[PDB]
Amino acid sequence: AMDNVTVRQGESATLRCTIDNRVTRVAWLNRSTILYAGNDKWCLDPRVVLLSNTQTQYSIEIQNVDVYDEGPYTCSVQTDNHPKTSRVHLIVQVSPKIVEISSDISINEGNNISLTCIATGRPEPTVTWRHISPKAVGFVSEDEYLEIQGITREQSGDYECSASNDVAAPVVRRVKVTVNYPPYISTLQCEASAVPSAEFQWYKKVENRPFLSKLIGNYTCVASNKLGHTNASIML
Amino acid sequence: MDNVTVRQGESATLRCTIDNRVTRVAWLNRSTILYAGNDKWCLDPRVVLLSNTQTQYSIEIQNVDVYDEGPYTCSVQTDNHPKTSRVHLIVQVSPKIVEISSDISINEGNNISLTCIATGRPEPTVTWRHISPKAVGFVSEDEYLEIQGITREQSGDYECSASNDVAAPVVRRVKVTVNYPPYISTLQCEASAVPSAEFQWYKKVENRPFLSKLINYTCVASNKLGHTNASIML
Ligand SMILES: *[C@@H]1O[C@H](CO)[C@@H](O[C@@H]2O[C@H](CO)[C@@H](O)[C@H](O)[C@H]2NC(C)=O)[C@H](O)[C@H]1NC(C)=O
Ligand SMILES: *[C@@H]1O[C@H](CO)[C@@H](O)[C@H](O)[C@H]1NC(C)=O
Ligand SMILES: *[C@@H]1O[C@H](CO)[C@@H](O)[C@H](O)[C@H]1NC(C)=O
Ligand SMILES: *[C@@H]1O[C@H](CO)[C@@H](O)[C@H](O)[C@H]1NC(C)=O
Ligand SMILES: *[C@@H]1O[C@H](CO)[C@@H](O)[C@H](O)[C@H]1NC(C)=O
């Protein structure tokens with residue numbers, strides 16, 4: 001005749017037991033074991049402290065509760081006509097915690113990559129992957145295990161893992177992915193995009209910005225990185 | 001894995017071995033506490049303290065009923081580790097035959113069927129016995145007994161026997177009578193019939209039920225099922 005009780009890990013749980021009329025003796029039990037009988041402290045664990053022994057209600061408190069303390073707890077009352085008992089289930093909760101994620105990586109285009117996010121908590125959290133890359137389309141997925149086949153430069157960016165249960169606010173940790181792709185070329189200027197940023201070469205001074213180079217007959221622009229090389233020519 | 005079993009209306013002894021020293025010990029009936037040390041929690045007098053020594057704590061449950069069946073735990077409190085000892089109490093009821101088939105009369109070569117439903121703890125063993133002398137043996141080891149093409153040789157009482165090994169088995173019998181047309185075997189003709197046939201001579205006189213006596217002629221015995229005549233000439 002009493003509502004379930006639920007507390008977070010490392011908190012205090014109060015187990016109350018309302019009484020009426022007159023009762024000879026009252027007790028609290030942890031499964032079969034006895035915790036308190038009247039004002040007699042059976043179990044010697046200091047976390048269990050008696051709170052109220054007035055006839056109106058009999059209540060104890062469990063401090064610094066762990067998940068192992070979850071289970072049924074009965075308030076064994078004894079009355080002359082019939083003996084009554086009231087069972088109460090203690091439910092412990094653990095905030096979600098991301099135990100493992102893949103470390104930050106840089107990868108060549110067109111390879112197989114994989115991302116994982118192992119999270120713990122009580123109850124089991126719901127893990128989701130989000131593509132956090134700005135200035136690009138994103139996506140959310142309900143797969144803990146995330147695989148990418150034939151990775152493209154369009155898929156570079158951060159990947160945020162989120163593990164959530166109703167116990168606490170979801171916890172997030174992200175991983176930045178940078179995708180390596182050979183350069184593609186786009187007074188005299190030569191625009192190109194590459195990861196890592198490509199060093200330009202001009203062939204028959206010159207200021208080299210990170211995203212483009214400029215030069216102040218027919219000449220060719222050569223853009224190159226560790227993966228490959230491209231040449232583009234322009235005539236003035 | 002401790003276990004105890006007692007018959008209804010008897011006394012059951014619940015022992016609990018302990019070692020070293022325990023602050024307080026108890027015996028429990030499911031969730032409720034019966035005794036804690038020398039403190040009598042439950043108000044039922046049937047649970048009496050037997051041993052309050054430190055080495056062992058034992059109680060006894062007298063006048064046990066079927067409602068007293070269930071688990072009983074010996075809640076110990078020790079500093080090093082907490083131990084509990086559960087014991088399952090098992091109550092027993094002598095077998096009781098709730099239902100049997102009523103007596104029947106049947107024509108020879110007909111179908112009959114008999115049942116003997118018995119209850120008890122533990123499960124009783126029901127057996128059917130044909131009480132006709134020179135019998136073969138038990139006829140069914142189940143509640144249900146059926147006979148196909150019943151013969152006059154199978155008429156008689158059928159004893160059901162239910163035993164659960166708790167107490168002496170209870171038995172009840174049912175008589176079946178098989179109807180058969182008469183068959184014949186100064187002038188006497190012996191014959192057998194169910195119902196018993198009255199003899200007639202055709203062509204005083206004392207006619208016993210199982211044979212007739214006369215003080216070309218035929219002796220006629222007949223009943224509700226059929227008729228036969230056997231003739232002899234002097
Ligand atoms: C042992 O505990 C039970 C339950 O608290 C006592 O009461 C009976 O419980 C059964 C449930 O299985 C009910 O059907 C009965 O009506 C209850 N009352 C009685 C009088 O049987 C039981 O009495 C306890 N045993 C003893 C010896 O007190
Ligand atoms: C309390 O929690 C237990 C956990 O198994 C559940 O079985 C029970 O129904 C719950 N009771 C209420 C009142 O929610
Ligand atoms: C008894 O209570 C303790 C904490 O008070 C808890 O850890 C344990 O799981 C409970 N049940 C037992 C010991 O069977
Ligand atoms: C990537 O995964 C596919 C899956 O079938 C496999 O066939 C291939 O060998 C893997 N490696 C590559 C494409 O380099
Ligand atoms: C008797 O039982 C037999 C076999 O089970 C069945 O064929 C028949 O219909 C039953 N009734 C009779 C013979 O009157």
# chains A, B, ... in the order shown; residues from 1 in each chain; ligands from 1

$ residues_around --residues "residue A:144" --least-positions-apart "4" --cutoff "9 Å" --atoms "only C-alpha atoms" --output "list in words"
residues 115, 116, 117, 118, 126, 127, 128, 129 and 161 of chain A

$ residues_around --residues "stretch 180-182 of chain A" --least-positions-apart "2" --cutoff "8 Å" --atoms "only C-alpha atoms" --output "short mmCIF file (atom, residue, chain, number, x, y, z; two decimals) with C-alpha atoms, in the first residue's frame"
data_model
loop_
_atom_site.label_atom_id
_atom_site.label_comp_id
_atom_site.auth_asym_id
_atom_site.auth_seq_id
_atom_site.Cartn_x
_atom_site.Cartn_y
_atom_site.Cartn_z
CA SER A 106 42.17 12.22 -40.13
CA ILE A 107 41.48 9.86 -43.03
CA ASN A 108 42.00 9.55 -46.77
CA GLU A 109 38.94 9.84 -49.00
CA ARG A 153 35.20 15.13 -48.36
CA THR A 178 39.10 15.68 -41.25
CA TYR A 184 41.10 20.35 -57.01
CA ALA A 194 42.38 20.40 -50.11
CA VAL A 195 42.85 18.74 -46.73
CA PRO A 196 45.60 19.20 -45.72
CA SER A 224 49.65 19.51 -54.84
CA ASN A 225 49.46 17.78 -51.47
CA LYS A 226 50.70 14.47 -50.07
CA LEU A 227 48.07 12.46 -51.97
CA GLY A 228 48.16 13.79 -55.53
CA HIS A 229 48.84 16.61 -57.95
#

$ closest_residue --among "B:179, B:110, B:132, B:155" --to "ligand 5" --atoms "only C-alpha atoms and all ligand atoms"
B:110

$ residues_near_ligand --ligand "ligand 2" --cutoff "7 Å" --atoms "only C-alpha atoms and all ligand atoms" --output "list in words"
residues 3, 4 and 89 of chain A

$ write_last_selection --atoms "N, CA and C atoms" --output "compact mmCIF listing (two decimals), in the first residue's frame"
# COMPACT_ATOMS: atom_id res chain seq x y z
N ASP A 3 3.95 3.64 -2.26
CA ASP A 3 4.55 3.94 -3.55
C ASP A 3 6.03 3.58 -3.61
N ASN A 4 6.46 3.12 -4.78
CA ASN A 4 7.87 2.88 -5.05
C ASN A 4 8.68 4.13 -4.75
N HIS A 89 9.72 -0.97 -2.89
CA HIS A 89 10.87 -1.25 -3.75
C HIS A 89 11.73 0.00 -3.89

$ residues_around --residues "stretch 77-94 of chain B" --least-positions-apart "6" --cutoff "8 Å" --atoms "only C-alpha atoms" --output "ChimeraX atom specification"
/A:32-33,42-44 /B:1-8,14,16,21-25,64-66,68-71,120-122,164,166-167

$ write_last_selection --atoms "N, CA and C atoms" --output "tab-separated table (two decimals), in the first residue's frame"
chain	number	residue	atom	x	y	z
A	32	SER	N	14.89	-10.57	3.58
A	32	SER	CA	14.59	-11.28	4.82
A	32	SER	C	15.27	-10.64	6.03
A	33	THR	N	16.42	-9.99	5.83
A	33	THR	CA	17.18	-9.44	6.94
A	33	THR	C	16.46	-8.27	7.60
A	42	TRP	N	19.03	-3.45	14.41
A	42	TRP	CA	19.53	-4.79	14.12
A	42	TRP	C	20.77	-4.74	13.23
A	43	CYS	N	20.62	-4.26	12.00
A	43	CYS	CA	21.78	-4.15	11.13
A	43	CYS	C	22.68	-3.02	11.62
A	44	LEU	N	23.99	-3.27	11.60
A	44	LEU	CA	24.97	-2.34	12.14
A	44	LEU	C	25.51	-1.36	11.10
B	1	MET	N	19.43	-24.82	1.59
B	1	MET	CA	18.71	-25.94	1.01
B	1	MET	C	18.02	-26.77	2.10
B	2	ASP	N	17.89	-26.19	3.29
B	2	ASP	CA	17.28	-26.90	4.40
B	2	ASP	C	15.79	-27.08	4.11
B	3	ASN	N	15.26	-28.25	4.47
B	3	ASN	CA	13.85	-28.53	4.21
B	3	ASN	C	13.23	-29.34	5.34
B	4	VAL	N	11.95	-29.06	5.61
B	4	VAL	CA	11.17	-29.78	6.61
B	4	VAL	C	9.79	-30.10	6.03
B	5	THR	N	9.23	-31.24	6.42
B	5	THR	CA	7.92	-31.68	5.95
B	5	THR	C	7.18	-32.36	7.10
B	6	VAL	N	5.91	-32.00	7.29
B	6	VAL	CA	5.09	-32.56	8.37
B	6	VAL	C	3.67	-32.76	7.88
B	7	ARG	N	2.98	-33.73	8.48
B	7	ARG	CA	1.57	-33.98	8.21
B	7	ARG	C	0.70	-32.94	8.92
B	8	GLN	N	-0.53	-32.80	8.43
B	8	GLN	CA	-1.48	-31.87	9.03
B	8	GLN	C	-1.81	-32.28	10.46
B	14	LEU	N	11.92	-26.53	13.71
B	14	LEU	CA	12.73	-25.67	12.85
B	14	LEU	C	14.02	-25.28	13.58
B	16	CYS	N	18.16	-24.00	13.60
B	16	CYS	CA	19.02	-23.03	12.91
B	16	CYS	C	20.40	-23.06	13.56
B	21	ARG	N	29.24	-15.70	17.68
B	21	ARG	CA	28.29	-14.90	18.44
B	21	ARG	C	27.44	-14.09	17.47
B	22	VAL	N	26.14	-13.98	17.75
B	22	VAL	CA	25.23	-13.17	16.94
B	22	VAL	C	24.47	-12.23	17.87
B	23	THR	N	24.39	-10.96	17.49
B	23	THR	CA	23.72	-9.98	18.34
B	23	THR	C	22.29	-10.39	18.62
B	24	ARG	N	21.51	-10.59	17.56
B	24	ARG	CA	20.10	-10.96	17.68
B	24	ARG	C	19.75	-11.89	16.53
B	25	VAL	N	18.89	-12.87	16.82
B	25	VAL	CA	18.48	-13.87	15.84
B	25	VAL	C	16.96	-13.91	15.81
B	64	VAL	N	-0.14	-27.73	13.01
B	64	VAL	CA	0.10	-27.14	11.70
B	64	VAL	C	-1.11	-27.37	10.81
B	65	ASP	N	-1.48	-26.34	10.05
B	65	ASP	CA	-2.52	-26.41	9.04
B	65	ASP	C	-1.89	-26.22	7.67
B	66	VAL	N	-2.72	-26.36	6.63
B	66	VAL	CA	-2.19	-26.21	5.27
B	66	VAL	C	-1.79	-24.76	5.01
B	68	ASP	N	-0.09	-22.90	6.91
B	68	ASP	CA	1.25	-22.67	7.44
B	68	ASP	C	2.35	-23.08	6.47
B	69	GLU	N	2.00	-23.61	5.30
B	69	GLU	CA	3.01	-23.95	4.31
B	69	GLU	C	3.64	-22.69	3.75
B	70	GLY	N	4.97	-22.71	3.60
B	70	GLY	CA	5.69	-21.58	3.08
B	70	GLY	C	7.13	-21.52	3.54
B	71	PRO	N	7.83	-20.46	3.17
B	71	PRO	CA	9.24	-20.32	3.55
B	71	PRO	C	9.42	-19.73	4.94
B	120	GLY	N	-5.59	-34.70	-2.64
B	120	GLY	CA	-4.72	-34.83	-1.49
B	120	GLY	C	-3.36	-34.26	-1.79
B	121	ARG	N	-2.59	-34.07	-0.72
B	121	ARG	CA	-1.22	-33.60	-0.80
B	121	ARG	C	-0.31	-34.62	-0.13
B	122	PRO	N	0.63	-35.25	-0.86
B	122	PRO	CA	0.90	-35.04	-2.29
B	122	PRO	C	-0.11	-35.75	-3.20
B	164	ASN	N	-1.64	-41.57	-1.08
B	164	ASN	CA	-0.60	-40.58	-1.30
B	164	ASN	C	0.56	-40.80	-0.36
B	166	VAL	N	0.72	-40.58	2.66
B	166	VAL	CA	0.61	-39.81	3.90
B	166	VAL	C	-0.01	-40.66	5.00
B	167	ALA	N	-1.16	-41.27	4.71
B	167	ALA	CA	-1.94	-42.03	5.67
B	167	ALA	C	-2.50	-43.26	4.97

$ residues_near_ligand --ligand "ligand 4" --cutoff "12 Å" --atoms "only C-alpha atoms and all ligand atoms" --output "ChimeraX atom specification"
/A:108-114,147-151

$ residues_near_ligand --ligand "ligand 3" --cutoff "6 Å" --atoms "only C-alpha atoms and all ligand atoms" --output "list in words"
residues 30, 68 and 69 of chain A

$ interface_residues --of "chain A" --to "chain B" --cutoff "9 Å" --atoms "only C-alpha atoms" --output "ChimeraX atom specification"
/A:24-25,27,29,31-34,42-44,74-80,83-85

$ closest_residue --among "B:147, B:160, B:97, B:48" --to "ligand 5" --atoms "only C-alpha atoms and all ligand atoms"
B:147

$ residues_near_ligand --ligand "ligand 5" --cutoff "9 Å" --atoms "only C-alpha atoms and all ligand atoms" --output "number ranges by chain"
B: 109-112, 147-149

$ write_last_selection --atoms "N, CA, C and O atoms" --output "mmCIF file, in the first residue's frame"
data_model
loop_
_atom_site.group_PDB
_atom_site.id
_atom_site.type_symbol
_atom_site.label_atom_id
_atom_site.label_comp_id
_atom_site.auth_asym_id
_atom_site.auth_seq_id
_atom_site.Cartn_x
_atom_site.Cartn_y
_atom_site.Cartn_z
ATOM 1 N N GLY B 109 -21.668 -57.008 -23.670
ATOM 2 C CA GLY B 109 -21.111 -56.473 -24.894
ATOM 3 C C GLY B 109 -21.330 -54.990 -25.098
ATOM 4 O O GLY B 109 -21.221 -54.508 -26.228
ATOM 5 N N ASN B 110 -21.644 -54.251 -24.041
ATOM 6 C CA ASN B 110 -21.839 -52.812 -24.124
ATOM 7 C C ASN B 110 -20.624 -52.083 -23.562
ATOM 8 O O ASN B 110 -19.711 -52.678 -22.986
ATOM 9 N N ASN B 111 -20.614 -50.769 -23.756
ATOM 10 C CA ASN B 111 -19.526 -49.928 -23.284
ATOM 11 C C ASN B 111 -19.833 -49.365 -21.902
ATOM 12 O O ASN B 111 -20.915 -48.817 -21.673
ATOM 13 N N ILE B 112 -18.879 -49.501 -20.987
ATOM 14 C CA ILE B 112 -18.964 -48.876 -19.676
ATOM 15 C C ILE B 112 -17.725 -48.010 -19.490
ATOM 16 O O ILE B 112 -16.739 -48.128 -20.223
ATOM 17 N N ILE B 147 -14.209 -50.019 -20.271
ATOM 18 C CA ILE B 147 -14.257 -51.419 -20.680
ATOM 19 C C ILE B 147 -15.045 -51.534 -21.975
ATOM 20 O O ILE B 147 -16.169 -51.030 -22.072
ATOM 21 N N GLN B 148 -14.454 -52.192 -22.966
ATOM 22 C CA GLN B 148 -15.091 -52.433 -24.252
ATOM 23 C C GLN B 148 -15.521 -53.886 -24.362
ATOM 24 O O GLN B 148 -14.769 -54.795 -23.997
ATOM 25 N N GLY B 149 -16.734 -54.093 -24.873
ATOM 26 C CA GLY B 149 -17.291 -55.423 -25.021
ATOM 27 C C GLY B 149 -17.323 -56.154 -23.699
ATOM 28 O O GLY B 149 -16.705 -57.214 -23.553
#

$ residues_around --residues "residue A:191" --least-positions-apart "3" --cutoff "12 Å" --atoms "only C-alpha atoms" --output "PDB file with C-alpha atoms, in the first residue's frame"
ATOM      1  CA  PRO A 183      43.572  18.987 -54.470  1.00  0.00           C
ATOM      2  CA  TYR A 184      41.097  20.353 -57.006  1.00  0.00           C
ATOM      3  CA  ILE A 185      41.893  23.680 -58.665  1.00  0.00           C
ATOM      4  CA  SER A 186      39.101  26.229 -59.047  1.00  0.00           C
ATOM      5  CA  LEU A 188      46.545  35.916 -61.841  1.00  0.00           C
ATOM      6  CA  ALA A 194      42.381  20.401 -50.111  1.00  0.00           C
ATOM      7  CA  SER A 197      45.708  22.656 -47.331  1.00  0.00           C
ATOM      8  CA  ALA A 198      47.684  22.285 -50.543  1.00  0.00           C
ATOM      9  CA  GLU A 199      50.831  24.174 -51.504  1.00  0.00           C
ATOM     10  CA  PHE A 200      50.620  25.796 -54.933  1.00  0.00           C
ATOM     11  CA  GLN A 201      53.274  25.719 -57.647  1.00  0.00           C
ATOM     12  CA  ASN A 208      50.083  32.244 -50.893  1.00  0.00           C
ATOM     13  CA  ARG A 209      46.927  32.476 -48.805  1.00  0.00           C
ATOM     14  CA  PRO A 210      45.670  29.281 -47.125  1.00  0.00           C
ATOM     15  CA  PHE A 211      42.732  28.792 -49.516  1.00  0.00           C
ATOM     16  CA  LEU A 212      44.176  30.329 -52.709  1.00  0.00           C
ATOM     17  CA  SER A 213      47.353  31.688 -54.283  1.00  0.00           C
ATOM     18  CA  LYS A 214      47.838  34.758 -56.467  1.00  0.00           C
ATOM     19  CA  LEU A 215      50.518  35.826 -58.953  1.00  0.00           C
ATOM     20  CA  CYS A 221      48.984  26.507 -61.936  1.00  0.00           C
ATOM     21  CA  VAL A 222      50.028  23.357 -60.069  1.00  0.00           C
ATOM     22  CA  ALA A 223      48.310  22.466 -56.795  1.00  0.00           C
ATOM     23  CA  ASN A 231      47.815  21.258 -63.029  1.00  0.00           C
ATOM     24  CA  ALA A 232      45.666  24.086 -64.424  1.00  0.00           C
TER      25      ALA A 232
END

$ residues_around --residues "residue B:199" --least-positions-apart "3" --cutoff "12 Å" --atoms "only C-alpha atoms" --output "PyMOL selection string"
chain B and resi 182-184+188-193+196+202+205-214+218-223+227-230

$ write_last_selection --atoms "N, CA, C and O atoms" --output "short mmCIF file (atom, residue, chain, number, x, y, z; two decimals), in the first residue's frame"
data_model
loop_
_atom_site.label_atom_id
_atom_site.label_comp_id
_atom_site.auth_asym_id
_atom_site.auth_seq_id
_atom_site.Cartn_x
_atom_site.Cartn_y
_atom_site.Cartn_z
N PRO B 182 -30.77 -65.78 -20.99
CA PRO B 182 -30.60 -67.05 -20.29
C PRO B 182 -29.86 -68.05 -21.16
O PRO B 182 -29.94 -68.02 -22.39
N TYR B 183 -29.12 -68.94 -20.50
CA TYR B 183 -28.34 -69.97 -21.17
C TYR B 183 -28.47 -71.25 -20.36
O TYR B 183 -27.97 -71.32 -19.23
N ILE B 184 -29.17 -72.24 -20.91
CA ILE B 184 -29.38 -73.50 -20.22
C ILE B 184 -28.10 -74.34 -20.29
O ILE B 184 -27.33 -74.25 -21.26
N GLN B 188 -34.63 -81.99 -14.61
CA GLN B 188 -34.06 -80.73 -14.16
C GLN B 188 -33.20 -80.11 -15.26
O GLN B 188 -32.50 -80.82 -15.99
N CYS B 189 -33.26 -78.78 -15.36
CA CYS B 189 -32.43 -78.00 -16.27
C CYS B 189 -31.85 -76.83 -15.49
O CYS B 189 -32.60 -75.98 -15.00
N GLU B 190 -30.52 -76.79 -15.38
CA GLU B 190 -29.87 -75.68 -14.70
C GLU B 190 -29.50 -74.62 -15.72
O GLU B 190 -29.08 -74.93 -16.84
N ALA B 191 -29.66 -73.35 -15.34
CA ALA B 191 -29.41 -72.24 -16.24
C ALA B 191 -29.01 -71.02 -15.45
O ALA B 191 -29.26 -70.92 -14.24
N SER B 192 -28.38 -70.07 -16.14
CA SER B 192 -27.88 -68.84 -15.55
C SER B 192 -28.31 -67.66 -16.40
O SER B 192 -28.18 -67.69 -17.63
N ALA B 193 -28.83 -66.62 -15.75
CA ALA B 193 -29.32 -65.45 -16.46
C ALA B 193 -29.33 -64.25 -15.52
O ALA B 193 -29.49 -64.39 -14.31
N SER B 196 -32.29 -63.09 -13.14
CA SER B 196 -32.51 -64.53 -12.99
C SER B 196 -33.80 -64.95 -13.69
O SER B 196 -34.86 -64.36 -13.48
N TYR B 202 -42.82 -76.83 -21.59
CA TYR B 202 -43.78 -76.87 -22.68
C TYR B 202 -43.73 -78.22 -23.37
O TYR B 202 -42.68 -78.87 -23.42
N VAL B 205 -44.75 -78.28 -9.57
CA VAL B 205 -43.39 -78.08 -10.07
C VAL B 205 -42.70 -77.03 -9.21
O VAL B 205 -43.24 -75.94 -9.01
N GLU B 206 -41.52 -77.36 -8.71
CA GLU B 206 -40.73 -76.44 -7.90
C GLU B 206 -39.58 -75.88 -8.74
O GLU B 206 -38.74 -76.64 -9.23
N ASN B 207 -39.55 -74.56 -8.89
CA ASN B 207 -38.56 -73.86 -9.70
C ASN B 207 -37.69 -72.99 -8.81
O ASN B 207 -38.13 -71.94 -8.34
N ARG B 208 -36.45 -73.43 -8.57
CA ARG B 208 -35.49 -72.58 -7.89
C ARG B 208 -34.94 -71.53 -8.86
O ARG B 208 -35.07 -71.67 -10.07
N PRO B 209 -34.34 -70.45 -8.34
CA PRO B 209 -33.84 -69.40 -9.25
C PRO B 209 -32.73 -69.86 -10.18
O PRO B 209 -32.70 -69.46 -11.34
N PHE B 210 -31.81 -70.71 -9.70
CA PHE B 210 -30.66 -71.12 -10.48
C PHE B 210 -30.86 -72.45 -11.19
O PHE B 210 -30.02 -72.83 -12.02
N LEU B 211 -31.95 -73.16 -10.90
CA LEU B 211 -32.24 -74.44 -11.53
C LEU B 211 -33.70 -74.77 -11.29
O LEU B 211 -34.29 -74.32 -10.31
N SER B 212 -34.27 -75.56 -12.18
CA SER B 212 -35.67 -75.96 -12.09
C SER B 212 -35.78 -77.48 -11.99
O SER B 212 -34.88 -78.22 -12.40
N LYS B 213 -36.91 -77.93 -11.44
CA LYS B 213 -37.17 -79.34 -11.25
C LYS B 213 -38.61 -79.63 -11.65
O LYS B 213 -39.51 -78.84 -11.35
N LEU B 214 -38.82 -80.76 -12.31
CA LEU B 214 -40.13 -81.18 -12.79
C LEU B 214 -40.54 -82.46 -12.08
O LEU B 214 -39.78 -83.42 -12.04
N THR B 218 -39.80 -79.92 -23.51
CA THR B 218 -38.74 -78.92 -23.59
C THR B 218 -38.72 -78.09 -22.32
O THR B 218 -39.78 -77.75 -21.78
N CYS B 219 -37.53 -77.76 -21.84
CA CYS B 219 -37.39 -76.81 -20.74
C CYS B 219 -37.05 -75.44 -21.31
O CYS B 219 -36.09 -75.31 -22.09
N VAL B 220 -37.83 -74.44 -20.94
CA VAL B 220 -37.72 -73.08 -21.46
C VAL B 220 -37.34 -72.14 -20.33
O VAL B 220 -38.07 -72.02 -19.33
N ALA B 221 -36.19 -71.48 -20.47
CA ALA B 221 -35.76 -70.41 -19.58
C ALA B 221 -35.67 -69.13 -20.39
O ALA B 221 -35.14 -69.13 -21.50
N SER B 222 -36.20 -68.03 -19.84
CA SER B 222 -36.27 -66.78 -20.57
C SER B 222 -36.14 -65.61 -19.60
O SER B 222 -36.58 -65.69 -18.45
N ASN B 223 -35.55 -64.52 -20.08
CA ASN B 223 -35.48 -63.28 -19.32
C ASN B 223 -35.77 -62.13 -20.29
O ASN B 223 -36.19 -62.34 -21.43
N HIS B 227 -34.28 -65.64 -25.18
CA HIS B 227 -34.90 -66.90 -24.80
C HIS B 227 -34.13 -68.07 -25.41
O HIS B 227 -33.59 -67.97 -26.51
N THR B 228 -34.10 -69.18 -24.67
CA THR B 228 -33.53 -70.43 -25.14
C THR B 228 -34.41 -71.58 -24.67
O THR B 228 -35.03 -71.52 -23.61
N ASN B 229 -34.45 -72.65 -25.47
CA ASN B 229 -35.18 -73.86 -25.12
C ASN B 229 -34.30 -75.07 -25.37
O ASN B 229 -33.64 -75.16 -26.41
N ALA B 230 -34.28 -76.00 -24.42
CA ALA B 230 -33.57 -77.26 -24.56
C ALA B 230 -34.54 -78.38 -24.26
O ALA B 230 -35.22 -78.36 -23.23
#

$ atom_distance --atom1 "atom CA of residue B:217" --atom2 "atom CA of residue B:197"
18.7 Å

$ residues_around --residues "residue A:219" --least-positions-apart "2" --cutoff "7 Å" --atoms "only C-alpha atoms" --output "PyMOL selection string"
chain A and resi 203-204+217+221+233-235

$ write_last_selection --atoms "N, CA, C and O atoms" --output "short mmCIF file (atom, residue, chain, number, x, y, z; two decimals), in the first residue's frame"
data_model
loop_
_atom_site.label_atom_id
_atom_site.label_comp_id
_atom_site.auth_asym_id
_atom_site.auth_seq_id
_atom_site.Cartn_x
_atom_site.Cartn_y
_atom_site.Cartn_z
N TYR A 203 54.20 27.45 -62.80
CA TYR A 203 55.16 27.08 -63.82
C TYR A 203 54.85 27.83 -65.11
O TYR A 203 53.70 28.15 -65.39
N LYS A 204 55.90 28.10 -65.88
CA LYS A 204 55.76 28.80 -67.15
C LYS A 204 54.97 27.97 -68.15
O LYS A 204 55.49 27.56 -69.19
N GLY A 217 52.13 35.24 -72.71
CA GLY A 217 52.46 33.82 -72.68
C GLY A 217 51.44 32.99 -71.94
O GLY A 217 50.42 33.50 -71.47
N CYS A 221 49.12 26.58 -63.39
CA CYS A 221 48.98 26.51 -61.94
C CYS A 221 49.01 25.05 -61.51
O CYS A 221 48.24 24.23 -62.03
N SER A 233 46.13 25.54 -66.31
CA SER A 233 46.84 26.59 -67.04
C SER A 233 45.90 27.74 -67.38
O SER A 233 44.71 27.53 -67.64
N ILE A 234 46.45 28.95 -67.36
CA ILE A 234 45.72 30.15 -67.77
C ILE A 234 46.67 31.06 -68.53
O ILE A 234 47.88 31.08 -68.28
N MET A 235 46.11 31.81 -69.48
CA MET A 235 46.88 32.72 -70.32
C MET A 235 46.36 34.14 -70.16
O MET A 235 45.14 34.36 -70.10
#

$ closest_residue --among "A:143, A:154, A:207, A:66" --to "residue A:187" --atoms "only C-alpha atoms"
A:207

$ atom_distance --atom1 "atom CA of residue B:104" --atom2 "atom CA of residue B:176"
5.2 Å

$ closest_residue --among "B:143, B:60, B:153, B:99" --to "ligand 1" --atoms "only C-alpha atoms and all ligand atoms"
B:60

$ closest_residue --among "B:62, B:140, B:54, B:163" --to "ligand 1" --atoms "only C-alpha atoms and all ligand atoms"
B:62
